[PDB]
Amino acid sequence: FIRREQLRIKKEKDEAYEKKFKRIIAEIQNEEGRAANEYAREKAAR
Amino acid sequence: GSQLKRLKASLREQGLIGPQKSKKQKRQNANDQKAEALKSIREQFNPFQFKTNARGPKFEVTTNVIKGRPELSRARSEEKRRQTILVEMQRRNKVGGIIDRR
Amino acid sequence: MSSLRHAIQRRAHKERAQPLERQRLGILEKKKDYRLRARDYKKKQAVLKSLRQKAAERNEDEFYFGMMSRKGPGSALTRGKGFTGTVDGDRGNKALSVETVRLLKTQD
Amino acid sequence: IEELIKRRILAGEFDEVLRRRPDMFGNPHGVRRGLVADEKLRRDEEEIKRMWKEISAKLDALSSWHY
Amino acid sequence: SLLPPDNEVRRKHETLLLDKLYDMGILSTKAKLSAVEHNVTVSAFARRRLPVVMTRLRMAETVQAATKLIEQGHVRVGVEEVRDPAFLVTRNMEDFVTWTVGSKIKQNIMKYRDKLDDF
Amino acid sequence: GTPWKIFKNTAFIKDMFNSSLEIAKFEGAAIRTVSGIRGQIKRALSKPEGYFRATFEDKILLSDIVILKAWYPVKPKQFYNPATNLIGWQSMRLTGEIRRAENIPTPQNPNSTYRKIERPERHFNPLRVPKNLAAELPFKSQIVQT
Amino acid sequence: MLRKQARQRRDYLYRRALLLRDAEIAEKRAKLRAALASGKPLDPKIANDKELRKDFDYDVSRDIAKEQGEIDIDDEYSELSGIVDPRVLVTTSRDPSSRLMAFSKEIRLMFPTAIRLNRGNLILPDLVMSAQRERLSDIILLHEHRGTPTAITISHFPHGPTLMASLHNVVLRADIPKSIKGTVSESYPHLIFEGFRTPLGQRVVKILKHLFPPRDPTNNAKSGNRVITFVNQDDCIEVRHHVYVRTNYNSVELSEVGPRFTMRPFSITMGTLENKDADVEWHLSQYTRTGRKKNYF
RNA sequence: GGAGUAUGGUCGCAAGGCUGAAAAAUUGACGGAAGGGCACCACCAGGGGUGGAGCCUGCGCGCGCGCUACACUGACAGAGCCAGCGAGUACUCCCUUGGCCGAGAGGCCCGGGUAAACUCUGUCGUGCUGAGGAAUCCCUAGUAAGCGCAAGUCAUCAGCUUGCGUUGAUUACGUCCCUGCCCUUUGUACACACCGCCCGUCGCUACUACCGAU
């Protein structure tokens, strides 16, 4: 019983894990690169 | 005999499966059980719910067949193993409880 | 980077020797020695497997010219105690005929 | 298990193979062995069947009839 | 190829040609009209003449030994003998090629592997 | 642990436990001998009271050290001394000071102390081919060794 | 004969590797046809591929029939599918025990044109050559631990796969007394596959499905009182085989008759039974890192 | 900038409770009697387990599946004679008294706890020195039993599992009479040939007329 429970816990944990981090990485990349390309267009204007 | 044939016969003895009867026939039946008998039917005819010795008794004593239920044992053992071991694993290191004398 | 690492940071580790309650049974196969034993076993077993494909896909009526000029392996049946299925050859020396032998004898 | 068995036999649909008719190709329609422009396309297909019979004989009787 | 692609009789001729050639011994696939288009080969017919197929099936060594051998006639094909070194060999027959009733080539084989039994 | 007998892929292990009760706690579990072989503890072994059966990738050698990675939970203590420096206070001493104080050595294990090793330049046996194969195999690849 | 089977084996492998190369090419080919169909632009390389265009105009239509589902792909199986009532034999390991031989008997009775043999003291490659000499279409070795079954080897001739699979959670016929159980109803059953969704899944589905006689295609739904059910969760192929009686069109009454297997399959060797020169098509990979967690099937 | 290919953020819809767990059908439903085929879950002939004592895995103190003991099938002694799987710098039965050499960690030394079978020849003569009932289950040509020797194949298996060689039988090898199971009484290719419209209860559909309320 320990075996089936522990390993089910590992599975659920890893799924939540990689989901959480791909969320945060995508949001952060979008924001920082968003304003970065904005600064690119602004400096490129002059 | 076959499982198929014996079960068809039995459910015909109950009358659940037979030919299409008539209106006056249903009148006669209303003129003149089934649930617990069908419980026994499904019990008898899904017999790989459980385990049985094929011999019978080694000695026949008279003084006045299911010797077990594997699925029920796995079920109840699952319930007990959950209600103890899982909550131990979840409160591995939990300090503090309520002590109640009454 | 590669100057974002301190000196004691790159100070890496040192293997742990065989315990000296045991050493009469052989050195301790750590990782690299395991890899070596693996790759040897691997290339040998794949050689063995390819040979097995050949020996299950022989044809009995091949024909060459070697078979007109070598011995054959055969079996224990005709060869005896002393049979691996090697095809022998010569070792180098032949039936050296009489006249030259006389010449040898005179010289000796 | 038991309910999905029940489910499939109820809405009875079976993944299992059926007996295909043994020679579906040349006899796709299958009448009994018993008593009974698009025209340019048809001319072309007739000529193709011609060339096919030609090549059939030529090939098989090139290879001595083991085919 | 000229036929339109939706034609049932076209697909039937496709499978026809590919099945008959794949059981002939020229081709390699059973799927590509392209393979018919620039794979079919007089060297493929040459590769299916009975000299080279006994070479690949490893009767003799090369096609000299094979061809001379067949001229003096040592290769049965199933039951018949062989005189005429262009007996084309289909994929079905490339197994039942073998040596004749008792020849010295058979006895070369058997004298070497030491199963030589004069009976 | 320590290997007792070593068949090809499975293996027995000797001096690790005492009781197959403990092994039947340790069923189905994970075991990673030094070299790099992940593997599985399957099932207790009957007659030697302390031996147990695993399955590994390739044979662990007889000279290996079978380990079991366990993670054991621990508990700090509950001692606490406020330092009453305006009253006077007892400090618990330093442990180097303790061994200096009552003349007891700073322990060590000669098995534990790092050393360098002197390996040999590892060569191998030649290939061997079974004599079945030696008498069956086709011509052009028939082995020739005088 | 053995020649011509072995030559067909290697031929089939050669066509497979050719299928690999031409499939990688045809990945570029298929992109054209629908692009012609929808007029949308493509990658200009694939556009400016000359041999692709020539070979395209020659060989569109087989891809069309692929889309249609008309054609029968190459494998071990799809030569003679709904023609030969596939003969299946069973034989256990070297020295069977009582319960084992009874369970092999039962599984002979579960697959319906199955004949049983007893193995005695008889040699494994000669069993294979003899079954090949009778032109079978199956072979099933079933091993035992201590009066209980272990491992089924659904191997399928002339040169297809051997699914060697451990069984778990098996209980037989011959424990339940002959009064309660009945003699088996031997009819050509139906077959129902629950949950298979990966291409490896359908590969295993194929090698199970051709262990069954081709049900006559007229009234497949109504006739037949016998069904067999394979179903998987956590890669675990589990089978229950039930004779039903159908009291209504809103209620059907089952009867558990065939045994209870839950097999986990650990190898599909693309090579027949003994052939230790095996082309390992798949295996249960323990021992790797996330091969415990992730799911095939 | 165009084209795809993704990754997650944002918004709309799906996301309003006449509610309160437990058919279709001209084809449909169930049977029965005749006719064949089949079957070691059938007959007939035979064999052989398990089930007796013990060991013990597994399954739920019980249980079977294996293994072992059980006396003429004797012992002991000599002599004589044949196999198949078999090769990873690799495999070890422990744990201890002493002593050696080791300022110390050890290593030594001595103790304690390429078959089985078969055949032949002689020496003895049944002696706590007893081959598993009812029951059941299996089995028809290299099939059953007996014997060993090996390997330990990711999964299962050492309380064993699996290979492979050796010695190789009785008794059937007919039959559908018991129990059965399947399927014929539709369709499915035509000859010379033969047979000659099974049966039941109902259902459903069309029509006929009735009955009586409102």
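Laboratory data are not the source of any read-out in this text; all were calculated from the coordinates shown. So basically every Cβ, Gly included, is an ideal-geometry build from the backbone, and we count neighbours across all protein chains shown.
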- prompt: Once both axes come from the Cα atoms, what is the angle between helix A:2-44 and the longest principal axis of chain A, in degrees from 0 to 90, rounded to 10?
  reply: 0 degrees
statement: Over 18 Å (Cα to Cα) among F:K14/F:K42; E:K12/G:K50; F:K5/F:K42; F:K25/F:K69; A:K19/G:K293; E:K32/G:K28 -> E:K12/G:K50
- prompt: Rg and Dmax of chain B over Cα atoms: what are they, in angstrom?
  reply: 25.0, 75
statement: Note on chain E: C-alpha Rg/Rh, Kirkwood Rh, two decimals, gives 1.15
task: Starting with the fewest neighbours, write out B:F45, F:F17 ranked by other beta-carbon atoms found within 10 Å of each beta-carbon.
output: F:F17, B:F45
Proximal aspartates and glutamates to E:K104, defined as alpha-carbon separation beneath 19 angstrom and excluding residues fewer than eight positions away on the same chain: C:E60, C:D61, C:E62, E:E61, E:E71, E:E80, E:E81, E:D114, E:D117, E:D118
- request: Using Cα pairs closer than 8 Å and at least 6 residues apart in sequence, work out the relative contact order for chain E, in percent.
  value: 18 percent
field: Once the Cα gyration tensor of chain G is diagonalised, semi-axes √(5λ) in Å
entry: 40, 25, 19
- request: Only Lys, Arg, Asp and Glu count, each charged at its Cβ (+1, +1, -1, -1), so figure out the dipole size of chain F about its Cα centre, rounded to 20 debye.
  value: 220 debye
field: Sparse-neighbour loop sites [chymotrypsin sites (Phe, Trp or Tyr not before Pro); region G:165-274; at most 13 other C-beta within 10 Å; DSSP]
entry: G:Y249
For region G:203-237 versus region G:77-118, the gap between their alpha-carbon centres in whole angstrom: 16 Å
field: Cα-Cα pairs of region E:8-53 separated by more than 12 Å (percent)
entry: 60 percent
query: Once amide H atoms are built 1.01 Å from N in the peptide plane, which residues 5 or more positions from F:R115, or in another chain, come under 5 Å H to H?
result: C:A17
query: Once the Cα gyration tensor of chain C is diagonalised, what are the square roots of 5 times its eigenvalues, in whole Å and ordered largest first, as equivalent ellipsoid semi-axes?
result: 57, 26, 19
field: Gaussian network model of chain E, Cα within-10 Å springs - most flexible of E:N108, E:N39, E:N92
entry: E:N108
Taking N as its residue count, the alpha carbon Rg of region F:31-146 over 2.2 N^0.38 Å: 2.19
Using alpha-carbon coordinates, inclination of helix G:50-59 to the longest axis of chain G, degrees: 50 degrees
- prompt: Can you list, largest first and rounded to whole Å, the semi-axes you get for region G:34-122 by taking the square root of 5 times each eigenvalue of its Cα gyration tensor?
  reply: 54, 14, 12
message: Strictly over 30 Å apart at the Cα level, which of B:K80/G:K105; F:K59/F:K131; B:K8/B:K80; B:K26/B:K51; F:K47/F:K131; B:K58/F:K47 would you flag in this model?
response: B:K80/G:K105; B:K8/B:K80; B:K26/B:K51; F:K47/F:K131; B:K58/F:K47
- prompt: F:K116: which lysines have alpha carbons under 23 Å from its alpha carbon, excluding same-chain residues fewer than 8 sequence positions away?
  reply: C:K14, C:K30, C:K31, C:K32
Selection from G:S251, A:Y17, G:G195 lying farthest towards where the dipole of the protein assembly as shown points positive, charges on Cβ: A:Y17
task: Write out the trypsin sites (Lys or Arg not before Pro) in region G:87-188 meeting two conditions: DSSP loop, and at most 13 other Cβ atoms within 10 Å of their Cβ.
output: G:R94, G:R135, G:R146, G:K178
Percent RCO, i.e. relative contact order, over region F:6-146, from Cα pairs under 8 Å lying at least 6 residues apart: 19 percent
field: GluC sites (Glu not before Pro) lying in DSSP loop within region G:64-137, provided at most 15 other Cβ fall within 10 Å
entry: G:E70, G:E79, G:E134
- prompt: Over chain D, what per residue volume does the convex hull of the Cα atoms give, in whole Å³?
  reply: 270 Å³
message: Largest first, please: the extent of the C-alpha atoms of the protein assembly as shown along each principal axis, to the nearest Å.
response: 128, 121, 101
